[PDB]
C-alpha cells in the first residue's frame, strides 16, 4: 500500500524453508544437483545466481516498480554493465555534470572500446534532441546531479528516447526509490549506487539495477554472468537490512534539509545555495512533478578555501569524509576533493568555487544540525 509498508513487505525477504523472518546469508559457491540438470530451487552456481542476492534484487525491482533486479559489486560496476549493452561505434548522450566515476569510466575505459560519448546540458531537453547522432543508442541521465543539483526532466527524456530508439537510463542514487521512480515515467533502466542511501549505513559498496524490459533484463543477466561484477551474499544481506529503514531515514533527512536551507539562505556568510527545493532553482517545477521529496545533498558557497576549511573544523556533527547517504551528516569541498584535477579557472567557470561546500544531511536531530552549522558559519 503506502511507501513505508512497501519497504517492509515488498520483495521476498524471508525464508520459505524455515520461516526465518530475514533472508538467510548463502555464503556458498555451488549447489547440489539431485540429477544432472535438475536444480532443487533454480540455483547452480553463485556467480550466476545466489539466493541472498536474489532477495536484494527482488527488493529493488519491487521498489522501482520494475520486473527484474540486478546486484553488482559497486555502483560503477552497475554502470559498466549497463554501458556494455552497447557495441563499438555506438554513441551515448549523458548530462554534462555526470558523476566523476561515470565520466572517468566512459572517457578513460569505454572510449578505448569504441564507445562514443557526448556530455550535454540536459536541463533543456531539446539539447538532447540536437545531440542525437545516427549512431546514438543510449541516453544516460542523473537527476539531480552532483554537486550543483541540476534537474533533468525524466518524462520528456523517456519520450525522446522512445521516439529515437534509444535505451534510456536514469542514475537514481540521489533521490532513491522512496521519492523518484523513473521506470514509472517510461525510462528503460534505473540504477543506483546502493553504497549511498539504500544501504544507508556507510558499510556496503554495491550497485543495483532494475528494469521492466524482459529483453534488456536478459542482456544484463548475460553481461553480469560473463563479466562477473556480482554483489556478494553478506553485502546483499546488509543492503536488504538497510533498505528496511530507507523511508524513515529519508523523511528525517528531508525535515533537516528544509530547516538547514532556511538557515543557509538567511546567513550572511553564505552566498548561493544549490538544492531543487529552492523555488528559484532551475527546473524546480520539473523536480516537484517527478519526485515527491528531496535528496539530502546540498551545496552552498562560502567565501574561499580558508572559510570552507574553518567551517569544517568548527562543526561538531558534520564529518569530513567521502560518499553521501550515511546516517552521519558528511561534509566535503568539491574543489579540493572531487574536482582538484580540473584547472582552477575552469572550476570557477563551472561554479565549483574554492568556497563551494557540499553537505550530505544525515539523521541527527534537526535542531542540532541547524544550530551546529549556523554556529560554525558564525565563526567565519
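Residue numbers count along the first chain shown, from 1. If you superpose the two forms and keep the largest set of C-alpha atoms that fall within 1.5 Å, you have the rigid core.
Note on 332-340 and 31-39: with rigid core alignment, C-alpha atoms in 4 other deposited structures of this protein sit farther from this form for 31-39. With 93-101 and 282-290 as candidates, the stretch whose CA atoms show the greater average offset from this form in 4 other deposited structures of this protein after a core fit is 93-101. When the mean C-alpha temperature factors of 129-137 and 231-239 are read from the deposited coordinates, 129-137 comes out higher. Taking the mean C-alpha B-factor of each stretch as recorded, 33-41 and 58-66 are not equal, and the higher mean is that of 33-41.
The entry assigns its greatest Cα B factor, within the set 202, 304, 80, 143, to 304. Out of 194, 253, 120, 92, it is 120 whose C-alpha atom has the highest B-factor in the PDB entry. For residue 247, the recorded CA B-factor ranks within the lowest third of the chain. Only modelled residues enter the ranking.
Ranked by Cα temperature factor within the chain, residue 153 sits in the middle third according to the deposited record. Per the PDB record, residue ranking by Cα B-factor puts residue 224 in the lowest third of the chain. For residue 327, the recorded CA temperature factor ranks within the lowest third of the chain's modelled residues. When all modelled residues of the chain are sorted by CA temperature factor, residue 19 is found within the middle third.
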